[PDB]
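Colleague:
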Ligand code: BCL
Ligand code: BCL
Ligand code: BCL
Ligand code: BCL
Ligand SMILES: CC[C@H]1c2cc3[nH]c4c(c3C)C(=O)[C@H](C(=O)OC)c4c3nc(cc4[nH]c(cc(n2)[C@@H]1C)c(C(C)=O)c4C)[C@@H](C)[C@@H]3CCC(=O)OC/C=C(\C)CCC[C@H](C)CCC[C@H](C)CCCC(C)C
Ligand SMILES: CC[C@H]1c2cc3[nH]c4c(c3C)C(=O)[C@H](C(=O)OC)c4c3nc(cc4[nH]c(cc(n2)[C@@H]1C)c(C(C)=O)c4C)[C@@H](C)[C@@H]3CCC(=O)OC/C=C(\C)CCC[C@H](C)CCC[C@H](C)CCCC(C)C
Ligand SMILES: CC(C)=CCC/C(C)=C/CC/C(C)=C\CC/C(C)=C\CC/C(C)=C/CC/C(C)=C/CC/C(C)=C/CC/C(C)=C/CC1=C(C)C(=O)c2ccccc2C1=O
Ligand SMILES: COC1=C(OC)C(=O)C(C/C=C(\C)CC/C=C(\C)CC/C=C(\C)CC/C=C(\C)CC/C=C(\C)CC/C=C(\C)CC/C=C(\C)CCC=C(C)C)=C(C)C1=O
Ligand SMILES: COC(C)(C)C/C=C/C(C)=C/C=C/C(C)=C/C=C/C(C)=C/C=C\C=C(C)\C=C\C=C(C)\C=C\C=C(C)\C=C\CC(C)(C)OC
Ligand code: HEM
Ligand code: HEM
Ligand SMILES: [Fe+3]
Ligand SMILES: [Sr+2]
Ligand SMILES: [Sr+2]
Ligand SMILES: [Sr+2]
Ligand SMILES: [Sr+2]
Ligand SMILES: [Sr+2]
Ligand SMILES: [Sr+2]
């Protein structure tokens with residue numbers, strides 16, 4: 002038996018914290034805090050305050066506009082029947098301009114809402130980018146997040162804007178809908194001859210698997226050395242303790258090498274940014290450079306051959 | 002009026018601020034909802050092109 | 002009235018503020034719930050063309 | 002009925018800043034929504050082809 | 017709940033399709049396989065007719081199709097067409113009472129055309145219909161109107177301000193998926209292009225759009241569902257386009273696709289002027305044919321029962 | 002001639018660029034990995050008197066300096082750390098053999114009981130007030146409505162015996178939470194810290210179980226050079242002792258099972 | 002060789018099994034009884050994957066035989082064999098390599114366990130590891146069993162196993178609609194998000210702008226509270242990430258456990274229960 | 007609700023008038039809707 006540090010079993014409150022203080026120029030903070038005994042059951046119970054500048058307001062603004070075009074459009078596709086909207090919601094979506102239009106700005110009823118929602122969404126994501134760089138500067142900190150967000154933004158941009166512009170057709174960006182965007186994904190692999198044989202998509206998959214591997218390992222570690230205040234990673238990084246020691250040693254004795262309280266955060270950091278960056282590269286070469294990845298894999302001798310036990314005659318060849 | 006006398010006492014049991022803001026929330030929601038409902042039906046007043054066919058007075 | 006006997010003591014067991022707020026919520030939900038159920042079956046009272054057709058009152 | 006001999010007292014219960022910002026948001030929103038709805042029906046006022054042709058001839 | 021939800025028990029019936037390890041396999045519910053079999057029971061044949069007699073065209077007045085039949089055989093052929101297409105109604109369904117030779121009732125101008133439809137089918141489409149062939153029951157099943165006939169549908173409502181998504185809805189016609197909900201009109205009526213895969217690794221010589229890919233995906237979902245199978249039944253998903261890696265069913269399905277284009281184009285659209293409104297969709301298009309119409313969720317209509325070989329009156333010449 | 006298919010496509014060379022950037026990345030990460038624990042301990046180093054400092058591939062990165070806030074100091078990595086004797090003796094003289102703790106295992110400060118020498122100063126709030134302090138020093142703190150107050154529960158060890166009672170609760174002034182339980186020990190009424198990580202509650206009974214050590218061992222809990230605050234040195238020291246009990250506190254945790 | 006602070010912890014005992022028998026180190030790896038079982042399972046496993054590569058699907062001289070890394074592949078027996086042991090050169094080999102893989106992962110897990118007992122740390126890691134071991138087992142033991150034959154397992158080959166995933170995935174037409182698949186995918190994506198956020202944070206505070214000192218807990222909470230009005234806090238973020246990644250593995254295991262044994266139809270069709278509720 | 011016995015009678019009265027007034031505007035709107043286009 003032993004506490005697992007899964008659920009804070011006994012909590013404590015103190016007057017809320019408005020936070021470390023920001024320099025002149027960085028506007029006031031808004032909202033005044035509250036505590037959720039239940040968030041508290043598992044984490045900091047404090048909820049907010051939040052910061053909102055020109056940036057933050059222009060981003061929340063654009064973002065909600067974009068959310069409205071997508072939604073309103075979805076209600077329109079079901080005739081303003083909020084019931085039907087509720088019924089098929091998962092299947093509802095706002096499709097992209099048709100190819101007939103190329104990269105021209107299309108009519109409202111033929112895709113223009115998508116281009117506007119795509120436009121406003123992008124501006125709002127990139128404004129949130131700027132937001133995190135400002136919020137990160139007010140604290141003297143570094144832009145590590147911003148270099149990652151910038152990577153995920155990279156993938157996003159490659160998906161809905163960069164590849165489309167390169168391919169000369171807004172119909173190639175992804176449509177806003179749950180099931181619609183799932184279908185876009187499958188069709189994407191199909192159209193280019195099975196994306197499994199795309200090296201970049203294999204790497205992105207090794208890196209997604211790796212984010213789960215590393216965070217599960219590290220996270221389990223920090224809990225296993227939580228007993229020695231290993232969660233307090235900052236001081237174990239400046240002033241190594243037996244938590245960071247037992248931590249580095251568990252792995253050392255297990256897989257033969259190890260890292261440090263500071264470096265594991267770099268392996269993890271670099272592994273996540275890598276997912277999105279192989280991922281985006283992966284979508285970049287599809288249609289722009291390679292049109293049929295399976296064939297590509299055959300040309301580079303990577304696709305396995307199996308005894309042909311089942312086969313079909315080609316009517317196109319009769 | 003068919004109601005209680007000890008009916009004000011409810012405001013010693015339920016926070017008044019919440020009930021007030023809440024009513025507005027719920028009513029605004031219901032309002033929008035029903036509006037969209039009617040608009041989705043036979044009772045619609047928008048999708049028909051009357052009294053001057055704005056979509057076919059200079060179009061069609 | 003009551004259920005019988007002593008159905009007042011129930012409030013020494015169950016929070017009156019919560020029973021009230023909960024019931025208000027539940028009744029509101031059950032209401033939208035059923036309205037939505039009946040409109041979704043044969044018993045619809047909106048999309049019938051009763052008592053006079055509305056979309057081809059804007060047709061002739 | 003119009004107004005209570007004491008409906009100022011609502012601001013002893015409700016914050017003037019939140020009510021104010023709230024109203025602003027809701028009205029701006031409603032302005033937008035309603036505009037979108039009208040823009041999606043017959044009453045469209047943009048693609049009428051009136052009062053003078055702007056796409057000369059055909060293609061466009 | 018947030019119910020839970022949709023579920024079968026183990027073990028499913030399974031069949032190995034491709035090579036071991038390739039993953040080309042099939043799973044199915046044994047129970048429901050049995051229910052489908054009882055529902056896909058075939059009608060036993062009527063005793064052969066000896067005949068030995070004159071040809072139908074010699075003893076009858078308006079015999080433009082079942083000419084070369086002996087009288088006996090013609091009569092038999094009439095009894096099969098009766099139970100097969102409209103048994104609750106009997107003989108009178110397609111004939112003007114007291115007058116067997118008359119065409120004064122539409123169901124006969126149609127019946128006649130369908131005699132040329134089955135015949136063309138049994139005699140010209142074996143690369144598709146093999147030796148099982150087809151018969152009236154295949155589509156009719158004791159029903160005057162194939163239950164599983166289709167129509168070009170308009171999807172759900174749209175205000176006037178905006179045009180339809182063309183895809184994005186809950187439809188049993190695309191397997192419940194959100195792809196485009198009418199992959200039939202452009203593929204099983206018209207003959208739009210299904211191919212989207214490139215035949216070159218690098219690009220610059222394949223104009224297939226992604227959209228087209230989705231239409232092909234939708235249609236394929238349709239097909240899959242109509243025959244009641246998954247893609248490993250006809251494909252090796254590492255290469256949907258690779259014919260050598262596909263199963264001989266892709267070949268068969270290929271010829272079937274063309275076949276439904278012929279039933280729908282030269283046998284069904286033409287009957288549209290003599291058919292009642294009761295038999296027509298919102299565009300005035302008439303109820304036509306699809307794979308489901310016949311297969312009704314089984315890889316071979318009626319589990320590959322051989323009905324037609326017993327009625328010689330169903331073959332050309 | 003308009004068909005000379007090139008065997009090299011952008012996809013090959015992008016896979017090439019990737020692997021090269023990859024290798025440099027891997028190498029680099031392994032360098033940040035040697036900012037502690039290095040060079041290694043062999044008898045390769047001792048045999049040669051030290052002429053073989055063990056560092057492997059890649060090598061060690063130039064030191065980096067951490068500038069602690071609050072007149073706190075400056076730390077470097079990698080650094081040169083003074084060796085420290087091992088309070089144990091080799092189970093075998095052969096290399097790679099484990100060592101047996103010297104003396105009374107919980108006292109040894111070897112094994113699950115070992116720990117390094119962290120500063121003999123305190124971690125600080127942003128402001129600079131002792132981050133971890135007791136609720137008696139941190140006036141504001143308060144149990145969370147609906148949580149048994151640990152204050153007054155009975156602390157009980159691994160064998161059942163009462164250990165002491167909760168005399169207070171230590172909290173983080175930086176991230177508000179219970180870090181340490183205070184224990185007025187029964188056998189001597191001395192006050193000791195008990196890490197939260199070692200403590201289980203039995204709210205319906207108001208007990209606070211501790212599998213770590215036996216009720217008795219609570220007598221030897223490492224001590225604080227001040228009952229109103231604690232240093233980094235002292236935290237490791239407190240916890241490692243309890244941890245030792247996980248392998249020591251019984252004549253059975255030593256393992257085997259079979 | 003040891004870390005510069007390692008000797009002081011390299012205690013004797015803590016085993017589960019072996020006791021002093023295998024209670025020693027080799028380089029930095031801990032051996033232990035399970036390191037030996039593990040190494041044996043592992044070595045035979047790999048050495049057999051080498052022999053499979055050596056022989057090929059039609060014999061060492063045929064064109065399908067190969068030593069190319071992308072293409073070497075060892076596949077299960079046909080379904081005709083059910084749960085029986087199949088001949089070696091017909092998927093038997095694949096079965097044995099599997100037994101070795103399961104045994105090696107389990108030994109590895111138990112050896113991490115003895116290592117927790119030695120170092121005196123929580124056993125969160127090998128418990129978490131056991132989730133991957135579980136997923137692997139459903140993909141080779143549970144599902145193919147529930148499915149009456151071992152051949153339902155995936156082949157061991159770098160891309161050929163990708164092909165397994167592909168055609169199995171496609172038997173259900175549009176796998177994306179698998180709801181457990183939707184979950185697991187959600188966790189895998191969010192896990193990848195929190196990790197990038199924690200990673201970024203630790204590195205943003207212990208190394209701030211020049212001119213600034215190592216940052217504080219107060220900063221940490223203040224930044225993410227600044228951005229998104231909330232900060233789950235240091236301990237818990239380590240807790241969440243563990244939750245996300247273990248759950249992601251969970252739902253992968255269940256999403257594949259239901260694809261066959263408990264559902265045979267296409268997956269989009271599953272969502273029918275929703276379009277048919279008596280609400281619409 | 008930390009209210010006194012008197013500030014819930016005052017509140018309640020004002021609430022009642024405002025609410026019934028609301029229902030009044032409601033019936034007004036509902037009769038105009040019924041006149042221009044009967045729905046039952
Ligand atoms: C359908 C069958 C195809 C398939 C087709 C694709 C396609 C196509 C793609 C992937 C993509 C990827 N695939 Mg895949 N994939 C296949 C099967 C798999 C399998 C598996 C076990 O079989 C796995 C593990 C994966 C794994 C993955 C991930 C590794 C990768 C994307 C990571 C990610 O989250 O990016 C997602 C993260 C982001 C997009 C950034 C998010 C940040 C944005 C900006 C957030 C903004 C938030 C917003 C503003 C909030 C408001 C909401 C608004 C309403 C919008 N695929 C098969 C072969 N896969 C990518 C790829 O490989 O391309 C080469 C991709 O685009
Ligand atoms: C389908 C066939 C009929 C139909 C048959 C019925 C039937 C049958 C019923 C309704 C009901 C109602 N119908 Mg109807 N209804 C029809 C068509 C409509 C249409 C329309 C657009 O055509 C609308 C808008 C409505 C709407 C209405 C609502 C006014 C009402 C439901 C109140 C409720 O849910 O409980 C809300 C709960 C309460 C108000 C409880 C009061 C709470 C007390 C005061 C709690 C004390 C605490 C504190 C003091 C206040 C609590 C807080 C509150 C939030 C203020 N119906 C169709 C045509 N309708 C219900 C009704 O009774 O109407 C009279 C009902 O039983
Ligand atoms: C084929 C097309 C279908 C589809 C079909 C399938 C099928 C079929 C499956 C998945 C599976 C999954 N898919 Mg998919 N999938 C689709 C598209 C996607 C997309 C996307 C963006 O489109 C994504 C993100 C994913 C992602 C996922 C995850 C939800 C899941 C895999 C994680 C896992 O298995 O954990 C499990 C992790 C492990 C089992 C590893 C265990 C480690 C063991 C114990 C030790 C390994 C040791 C070994 C020796 C290590 C080597 C080290 C050497 C010693 C050096 N899929 C497409 C649409 N997908 C798989 C799944 O559900 O998981 C069971 C599955 O069966
Ligand atoms: C369906 C066919 C008819 C239709 C028939 C009806 C009928 C029938 C009704 C309406 C009603 C409504 N219609 Mg109409 N309506 C039609 C066409 C329209 C169109 C349009 C673009 O064409 C619009 C904009 C509207 C708009 C409106 C809303 C103004 C109104 C409901 C008020 C509400 O929800 O608030 C909800 C209420 C509140 C939120 C609280 C009320 C205000 C309180 C009392 C103020 C107290 C102070 C408070 C504490 C602070 C206030 C601040 C808050 C932030 C607000 N209708 C179509 C043509 N319409 C309703 C109406 O007229 O009013 C009854 C109604 O019953
Ligand atoms: C390593 C790559 C991973 C990654 C990294 C990543 N994501 C990031 C970041 C980073 C580094 C950020 O910095 C940023 C972030 O903020 O992190 C928490 C972000 C982000 N990750 C998110 C999404 C996201 N990332 C994803 C993926 C990934 N991102 C990868 C796994 C995914 C996927 C594919 O699953 C998603 C869904 C967002 C929360 C955030 C970017 C947020 C953003 O750009 O905002 C844009 C606009 C809005 C949110 C509009 C505001 C709407 C408000 C929520 C409503 C509030 C209204 C209020 C009541 C006001 C009143 C309204 C008035 C108008 C009336
Ligand atoms: C469950 C949540 C996540 C997770 C957690 C996790 N994995 C873990 C751990 C944890 C906590 C460990 O502590 C343990 C570890 O050592 O850390 C790296 C482990 C581990 N994660 C690894 C693998 C792994 N985990 C993965 C994923 C996951 N693991 C999830 C993302 C994945 C994938 C598919 O994404 C892989 C590939 C190992 C490096 C390691 C355990 C190593 C080990 O057990 O070694 C003993 C066995 C051998 C050395 C090989 C045995 C020899 C075999 C007989 C031959 C191989 C047969 C194999 C079946 C063939 C497959 C061939 C493929 C090419 C298809
Ligand atoms: C004949 C006969 C006898 C045969 C001869 C035997 C032979 C061939 C000898 C060769 C021997 C050699 C060369 C090697 C042995 C090979 C062995 C047994 C196999 C290795 C198996 C193994 C698990 C390798 C996996 C490698 C990888 C990349 C694993 C993924 C994990 C990951 C990404 C690794 C790096 C990150 C790590 C290690 C993080 C752990 C880690 C985490 C997670 C923290 O949170 C933490 C917190 C605070 C301080 C430290 C740490 C810390 O170190
Ligand atoms: C210094 O450290 C740091 C902090 O501390 C200061 C931070 O605050 C921060 C900021 C971090 C944040 C603000 C965290 C924000 C969290 C995010 C974005 C994650 C998003 C997650 C969600 C929205 C929740 C989704 C999940 C749910 C709603 C509940 C789902 C429930 C389900 C599915 C049913 C439950 C059952 C199961 C899942 C099956 C069984 C489960 C398992 C087997 C898993 C086991 C898990 C454990 C933990 C042992 C960072 C980055 C940091 O690094
Ligand atoms: C009733 O509802 C009310 C509240 C009104 C509102 C409800 C709204 C709701 C519920 C909306 C729901 C929306 C959902 C669920 C949306 C889901 C979206 C998903 C899942 C999308 C997935 C992928 C989409 C992608 C990748 C889109 C990419 C698009 C891009 C990158 C577009 C870029 C366009 C740009 C930058 C435009 C440039 C314009 C220029 C300047 C070039 O024009 C000249
Ligand atoms: C047992 C009931 C039936 C009997 C006794 C019967 C009898 C006959 C006879 C005697 C003829 C030849 C009439 C003539 O052309 O002179 C004929 C023709 C024809 N009957 Fe039938 N009939 C029956 C049912 C049906 C049914 C159910 C259908 C359609 C579903 C049908 C469709 C036709 C058609 C289309 C012709 C013209 C044949 C041709 O051009 O080849 N009959 N029937
Ligand atoms: C739901 C998953 C399925 C998908 C994604 C799918 C996808 C495709 C794709 C992409 C093609 C075109 C290949 C190219 O671009 O050159 C194709 C062709 C074809 N598929 Fe399917 N398919 C599925 C199921 C089926 C099924 C069940 C059958 C048969 C019953 C089938 C029969 C065919 C045939 C015959 C062709 C060739 C058609 C032609 O070339 O005109 N498919 N499929
Ligand atoms: Fe961490
Ligand atoms: Sr107009
Ligand atoms: Sr009208
Ligand atoms: Sr113009
Ligand atoms: Sr199936
Ligand atoms: Sr050879
Ligand atoms: Sr229904």
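Chains as they are written, first to last, in the authors' numbering: chain M, 2 to 319; chain U, 2 to 61; chain W, 2 to 61; chain S, 2 to 61; chain C, 17 to 333; chain H, 2 to 259; chain L, 2 to 281; chain V, 7 to 46.
For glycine and all other residues, C-beta sits at the position ideal for the given N, C-alpha and C.
(1) Mind reading off the beta-carbon distance from residue 164(H) to residue 157(H)? Whole number of angstroms is fine, and I expect it under 8 Å.
(2) Can you tell me whether DSSP reads residue 1(C) as helix, strand or coil?
(3) So, are the CB atoms of residue 92(H) and residue 101(H) less than 8 Å apart?
(4) Going by beta-carbon coordinates alone, are residue 96(M) and residue 176(M) separated by less than 8 Å?
(5) Drop a sphere of 10 angstroms on the beta-carbon of residue 43(U), count the other beta-carbons inside from all chains shown, and report buried for 16 or more, exposed for fewer.
(6) I'd like to know whether the C-beta atoms of residue 246(H) and residue 214(H) end up nearer to each other than 8 Å.
(7) Would you say residue 270(C) faces chain M, with C-beta separation under 8 Å as the test?
(8) Just list the alpha helix (DSSP H) runs in the segment 46–75 of chain C, keeping only unbroken ones of 4 residues or longer that don't cross its boundaries, in chain order.
Modeller: Judging by the given coordinates:
(1) The C-beta distance from residue 164(H) to residue 157(H) rounds to 5 Å, short enough to fall under 8 Å.
(2) There is simply no residue 1(C) to check, as chain C begins at 17 and stops at 333 in what is shown.
(3) Yes, they are a contact pair.
(4) The answer is yes: Cβ separation under 8 Å.
(5) buried
(6) Cβ atoms of residue 246(H) and residue 214(H): closer than 8 Å.
(7) yes
(8) 46–55, 72–75
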